[PDB]
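This document contains two forms of one protein chain, each encoded as structure tokens and listed individually as structure 1 and structure 2.
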Structure 1
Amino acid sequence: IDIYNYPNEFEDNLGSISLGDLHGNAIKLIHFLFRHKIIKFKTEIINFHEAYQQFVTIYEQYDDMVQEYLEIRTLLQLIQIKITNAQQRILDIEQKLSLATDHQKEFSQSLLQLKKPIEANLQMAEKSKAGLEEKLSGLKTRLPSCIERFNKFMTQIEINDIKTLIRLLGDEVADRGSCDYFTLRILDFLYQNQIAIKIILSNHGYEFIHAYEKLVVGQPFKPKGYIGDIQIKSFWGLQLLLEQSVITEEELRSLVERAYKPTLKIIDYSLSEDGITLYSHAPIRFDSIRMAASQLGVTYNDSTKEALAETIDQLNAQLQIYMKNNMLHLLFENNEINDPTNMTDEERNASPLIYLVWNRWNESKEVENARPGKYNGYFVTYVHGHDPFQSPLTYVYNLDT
């Protein structure tokens, strides 16, 4: 499908729809909501295609502004290395000078002479940096027009279908897209309209949550850093607005606390009369559910599909306790992991949530043992976000929605 044009085809649905991989791309979310008739343009809007197009334009301009923000961050880190080196030498010297008594005169003079050239280099570096942060002020001047164009675009939208469950299988924030502010504003639009939305926890998602949990305890609103800056560009689109005071912290906390955080699940399910469907981010293994229970102190039971449904509900409740206390990072701190995408049985038992958000499938993992299509008498169906490997099982669903 072409997400950069207003949809010409529309899909009715069966009470729930899943978005497999958003890539932090608000255009894909808007396009997905139009295509499934969750939202619609209001009557006074005539040219639907043009209306959709102005959001496309806003989004791409903002994307290039974030690109420039990334280049500036790289350069700031580079110049900060030199600033740090000169500052360290000057600090040591100034300590040795500050403890100079009247007896050590030639001593003080010698330290002064050694300090002068380093001070010069530091002045030149510090001011190259002054140039960079000037260019950054220049960007601050330009973002508000883009945001006002975005709000104007949102004035043209209204809800249509309210009886459909929306499920996002991950990478809705902190990803390749343009700006998480757009996405959270769309999710808040859905919240204000009492739309049912569930979001499955993912690794990009965790980068975002990690930044948010740092922010609420007074640390910078900046992520863990396991994923590189380009691959979480959309997070930086949001962070940019915060640090430049274009939006307020209370607005960000409002959107996150009311529209994002209550939607998160470790795993979701739905019940049919004869089985259960498990929705996750990454392709995972049946036996991982029990492991996650062990980490969260949730008593595991899968004797019936209802017993598994209850187990998953308890997992998600415990998750929400970690979200309410902004301490989900305690469950993703494990430095002893070689490859989170290819975690060993020991690593999986030690940090199961990490496995659930990072696992990437391949054929060595495709083994008859991994994902049964029936367990304890009930059918099991697996649905997860886009993963390159394409399993031939007919009860496994790899969504590029």
Structure 2
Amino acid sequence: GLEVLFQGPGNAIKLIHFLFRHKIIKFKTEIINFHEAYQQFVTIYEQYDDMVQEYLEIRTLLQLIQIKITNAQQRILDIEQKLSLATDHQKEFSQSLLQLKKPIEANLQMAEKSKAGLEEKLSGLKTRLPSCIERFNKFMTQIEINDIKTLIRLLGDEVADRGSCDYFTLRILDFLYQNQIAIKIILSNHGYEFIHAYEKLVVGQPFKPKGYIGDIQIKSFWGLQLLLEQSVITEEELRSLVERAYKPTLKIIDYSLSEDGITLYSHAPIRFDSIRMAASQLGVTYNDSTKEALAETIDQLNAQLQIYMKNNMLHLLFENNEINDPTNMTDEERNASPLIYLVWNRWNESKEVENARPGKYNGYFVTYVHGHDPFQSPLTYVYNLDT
């Protein structure tokens, strides 16, 4: 079989860049100017990403301003409650209370005006959104599938914004799914953050800002919220997209078998013994005896990921506030939260020790392929994806 590696799943331009480069997709021959259409997509994505950024900031500013308003209104009415109870001979006290109110009524006036200005910018954003999505939907009619026989493994970008799972990325993953492309995404810390945020959006009552948030600081949550709020997409539309084209691709760890070896695909560099630790946490009986046994254990890990995910319980696996440095977890911490180690670990010289990552085990070869990590192992059977 033919296979390629990417980081991702986003951002949209990187993913499009990569799909063109490996001849997975191509412009339909009916397009008059390939370069012009390509540049239009870049512009569209840069326009959409700016709008989501502005929306997040406006929304952050409106949350803080409403705090300012509610605190001022409370303090004024508390003072008003006291004035109403004063006596006829406490005339200095009444004047004192008026003095105290005057700056609060000033701040309240100021905050109400800032809010109005922010709601002005927010409504202007919302008139620009539909045509931007309209232009993206047009771009999506201009491409067609090409090579359908190539498997895509997305090992996850190590930084947030560069691999972010915006709405465009989601629509591209659906395009590949509708065209029968085999896609596998190795779940990362950012992948978990995305799923966690998405579950908030598709549960009733529909999410209203604001709000328990908070954050939801990730940009991919905000753009979906913007699209839902402006009726660009429906909750049924979004659930459909995520359940059919994104969730069924997710793996904790992935593999491929050769005649006498196994290749292990992960997001972070990981020790071989991390797999057993994960099987323990997920209730899977760990079998190491043969490469087929190990593959069968991994399939069951991924089957359990789907169960936790279908039950909205991923946070139990991927959130542990007690861990000090998830990138350099202690052995006690590795046992405690194996899945956090799998997506956060960063390698260094101290971890490049014999038996960390054997190249031969229980009679079969082992090969390790993982997303980008600054440390460069000299082991010939370790593959460290570039950025």
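Residue 1 is the first residue of structure 1, and the numbers go on in sequence order from there. Whichever C-alpha set is largest while still superposing within 1.5 Å between the two forms counts as the rigid core.
**Q** Among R253, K198, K115, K261, whose C-alpha is off by 2 Å or more between structures 1 and 2 on a rigid-core fit?
**A** Shifted by 2 Å or more: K115 only.
**Q** If you line up the core, does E71 shift 2 angstroms or more at its C-alpha between structures 1 and 2?
**A** Passes the 2 Å threshold, so yes.
**Q** Superpose the two forms on their rigid core, then report whether the C-alpha of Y300 is displaced by 2 angstroms or more between structures 1 and 2.
**A** No, the C-alpha moves less than 2 Å.
**Q** By the 2 angstroms cut-off, has the C-alpha of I312 moved between structures 1 and 2 once the rigid core is superposed?
**A** No; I312 is a residue whose C-alpha shifts by less than 2 Å between structures 1 and 2 when the cores are overlaid.
**Q** Relative to the superposed core, report the C-alpha shift of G225 between structures 1 and 2 in angstrom.
**A** Rounded to one decimal, the shift is 15.1 Å.
**Q** Could you tell me how many Å the Cα atom of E363 shifts between structures 1 and 2 when the rigid core is held superposed?
**A** For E363, the C-alpha ends up 1.1 Å from its position in the other form.
**Q** If I align on the rigid core, how far apart are the two C-alpha positions of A174 between structures 1 and 2? Answer in Å.
**A** Reported C-alpha shift between structures 1 and 2: 5.6 Å at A174.
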